[PDB]
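Architecture and fold: a report
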Amino acid sequence: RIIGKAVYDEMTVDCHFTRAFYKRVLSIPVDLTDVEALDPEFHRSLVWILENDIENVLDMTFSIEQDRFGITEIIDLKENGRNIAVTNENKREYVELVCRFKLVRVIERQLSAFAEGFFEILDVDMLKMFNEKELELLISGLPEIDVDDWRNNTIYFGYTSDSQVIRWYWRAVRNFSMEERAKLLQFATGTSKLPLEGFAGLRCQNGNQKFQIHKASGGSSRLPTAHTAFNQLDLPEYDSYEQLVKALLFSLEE
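Residues numbered from 1 in each chain as written, not as in the entry; some residues may be left out. Part of a larger assembly, values for the part shown. Heavy atoms only, no water.

Structure determination for the deposited model, as stated in its record, used X-ray crystallography, and the stated resolution is 3.0370 Å.

Here is the structure:
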């Protein structure tokens with residue numbers, strides 16, 4: 001009701017939430033990207049499962065063992081989920097269901113209450129026109145983000161401030177609109193929130209972390225991968241400015 005009334009009254013609030021929170025308010029399902037920040041080995045185990053032909057060496061049921069300290073309570077993901085086996089066909093189903101039962105199950109009742117009070121102020125159909133990223137900008141505001149401050153407090157790995165790939169990256173960020181710059185910040189960090197000092201006192205979940213850009217070890221075809229846990233953006237070696245600027249724009253959008 002507060003955040004809903006704040007938006008209704010064209011008032012910005014310092015309420016920055018997780019991407020999974022913004023997705024659930026908009027009734028958008030949680031994908032594996034939301035799991036990466038929270039548990040990277042849970043994310044790394046699922047990626048191998050979804051990429052490789054695990055059908056032969058699976059030996060795993062569709063149900064999951066959640067230990068209730070004294071005794072473990074087996075949870076079904078669907079009707080008769082404990083008897084259903086995991087296959088190459090059901091690999092998308094199991095992975096998308098386990099993402100919703102790892103975070104959305106212990107954050108469902110909290111979110112359902114928020115959405116009830118939020119949508120009892122704002123029209124569900126009106127607010128739905130905003131992206132999971134644009135909802136943060138609607139609620140909190142659109143930051144006018146200083147590219148000079150961003151470049152002054154950005155550290156590189158595999159590159160230097162003068163690397164051609166980097167020089168194109170900064171040229172692209174300078175050219176980006178204030179909207180695109182904010183979507184690039186929330187892509188690599190997970191939030192539009194910027195400290196008052198700026199990118200200098202930037203912080204991640206694991207303490208403080210100045211924005212880090214790494215050589216992604218991918219060809220000019222591959223896309224920029226982000227690791228919100230350390231404000232990290234893995235930029236592969238592009239061959240032209242127009243190639244990098246289009247692959248940057250695709251990543252932040254999606």
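Read on, since the account is not over.
Points about the pairing of strand β4 (residues 212–215)
The line we're drawing: Strands pair, by our definition, only if DSSP identifies at least two bridges between them. Helix and strand labels come from DSSP, where a helix needs a run of H or I of at least four residues and a strand needs a run of E of at least two; each type is numbered from the N terminus.
Sheet topology places strand β3 (residues 155–157) next to β4; three bridges connect them, and they run parallel. Residue pairing in the sheet places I155 in a bridge with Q212 of β4. Inspection of the sheet shows β4 paired to strand β6 (residues 232–235) by four bridges, in the parallel sense. The residue of β6 that forms the bridge with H214 is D234.

A look at helix α11 (residues 178–188)
Selection criterion: When accessible area is computed with a 1.4 Å probe and restricted to protein chains, residues below 20% of their type maximum are described as buried, those above 50% as exposed, and intermediate ones as partly exposed.
The element α11 is extensively covered by neighbouring structure, given that eight of its 11 residues are classed as buried. Phi turns positive, to about 105°, at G190, one or two residues after α11.

A few points about the layout of surface pockets
This is how it is decided: A cavity, in this analysis, means grid points on a 1 Å lattice covering only the protein atoms where a 1.4 Å probe fits yet has no way out; a pocket is instead an open set bounded by protein on both sides within 12 Å along at least five of seven lines, and a residue lines either one if it has an atom within 4 Å of a point. Grid points are joined across faces, edges and corners, and a volume is the space filled by probe spheres set on the points. Under this grouping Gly is polar, as are all residues other than the nonpolar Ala, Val, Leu, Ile, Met, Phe, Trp, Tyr, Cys and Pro and the charged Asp, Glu, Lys and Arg.
In this structure, the second largest pocket spans a volume of roughly 450 Å³. Along the wall of the second largest pocket there are 16 residues; nearest its centre are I64, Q66, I75, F101 and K102. Those elements that provide at least two residues to the lining of the second largest pocket are α4 (40–51), β1 (64–68) and α5 (91–102). The class makeup of the residues in the lining of the second largest pocket is 10 nonpolar, two polar and four charged.

Regarding unusual backbone geometry
Even without a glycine there, the phi angle at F69 is positive, about 65°. Locating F69 in the fold gives a position in the loop between β1 and β2 (71–75). A positive phi angle is found at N80, which is not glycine, with a value near 60°. Position of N80 among the secondary structure elements: in the loop between β2 and α5.

Some remarks on the pairing of β6
With burial as the criterion, each face of β6 is covered, one bearing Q232 and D234 and the other bearing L233 and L235. Here strand β5 (residues 225–227) runs beside β6; their pairing, made up of three bridges, is antiparallel. Opposite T225, over in β6, you have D234 as the bridge partner. The antiparallel hairpin formed by β5 and β6 contains four residues in its connecting segment, where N231 sits at a positive phi of about 50°.

Some points on the packing of aromatic side chains
We count it as follows: Stacked, tilted and edge-to-face pairs are distinguished by plane angle, under 30 degrees for stacked and over 60 for edge-to-face with tilted covering the rest, among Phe, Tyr and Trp rings (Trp via its six-membered ring) whose centres lie within 6.5 Å.
Evaluated as defined, the whole model comprises 12 aromatic pairs. Centroid distance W150 to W170: 6.0 Å. Interplanar angle 70°. Geometry classified as edge-to-face. A residue pair is termed long-range when its members are at least 10 positions apart, and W150 in helix α9 (residues 147–152) and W170 in helix α10 (residues 164–175) qualify at 20 residues. A single burial state applies to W150 and to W170, both of which are buried. Both rings, one in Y169 and one in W170, keep their centres 4.7 Å apart while their planes meet at 70°; by these two values the pair is edge-to-face. Exposure remark for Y169: the relative accessible area of 0% places this residue in the buried category. An aromatic cluster of at least three residues, connected via ring pairs, comprises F17, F21, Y22, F114, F118 and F119.

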